[PDB]
């Protein structure tokens, strides 16, 4: 299995969701960036794996789901089987990561992308090892009810550029935003 990554879009006040939807109006090119980064596999014959909590899964429009061209894994202790359209279910992040090593997935999975929500990001971010964060900074405040965890910059380097990631300021619907990549290894 290849790299472990988180990907998020976050307002200036650290918001990532409101009422199960985005705090901001839809940003079409931002979403296209998310689809491209999560889908594009570095390795022939493999797909990337997306890991998400249960509320994140159900926030994807019921069409739309599963995220196409990726293996979709949902985290829940309540559910007894994967949701309609999902491929895998695990009780914990540690369990999902252990699962990628099973005969069933070990040769199928390239990159692992954690795509939300809060608690899943927090645990990934605080777990030892080599991890990257792909963070879209939405440069306005937006009312939110779910937030991105603190990024400890002692450990997460901001990289000075990254292939495939534009470095300049983007704007859609009057909303400026920019792409960043962080990397820790501990």
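Positions refer to the first chain, counted from 1.
Student: Between 100-108 and 71-79, name whichever shows the higher mean Cα B factor according to the PDB entry.
Tutor: Taking the mean C-alpha B-factor of 100-108 and of 71-79, the larger value falls to 100-108.
Student: Using the B-factors recorded in the PDB entry, average over the C-alpha atoms of 58-66 and of 113-121, then report which stretch comes out higher.
Tutor: Averaged over C-alpha atoms, the B-factors run higher in 58-66.
Student: Which one of 38, 136, 42, 146 shows the top CA temperature factor in the record?
Tutor: When the deposited C-alpha B-factors of 38, 136, 42, 146 are compared, 42 is largest.
Student: By the recorded C-alpha temperature factor, relative to the other modelled residues in its chain, which third is residue 176 in?
Tutor: Ranked within chain, residue 176 CA B lands in the middle tercile.
Student: For residue 25, return the chain-relative third of its C-alpha B-factor as stated in the PDB record: lowest, middle or highest.
Tutor: Highest third of the chain for residue 25's C-alpha B-factor.
Student: Can you work out whether the C-alpha temperature factor of residue 152 puts it in the lowest, middle or highest third of the chain?
Tutor: For residue 152, the deposited C-alpha B-factor lands in the lowest third.
Student: What third of its chain's C-alpha B-factors does residue 15 belong to: lowest, middle or highest?
Tutor: Answer is lowest: the recorded C-alpha B-factor places it there.
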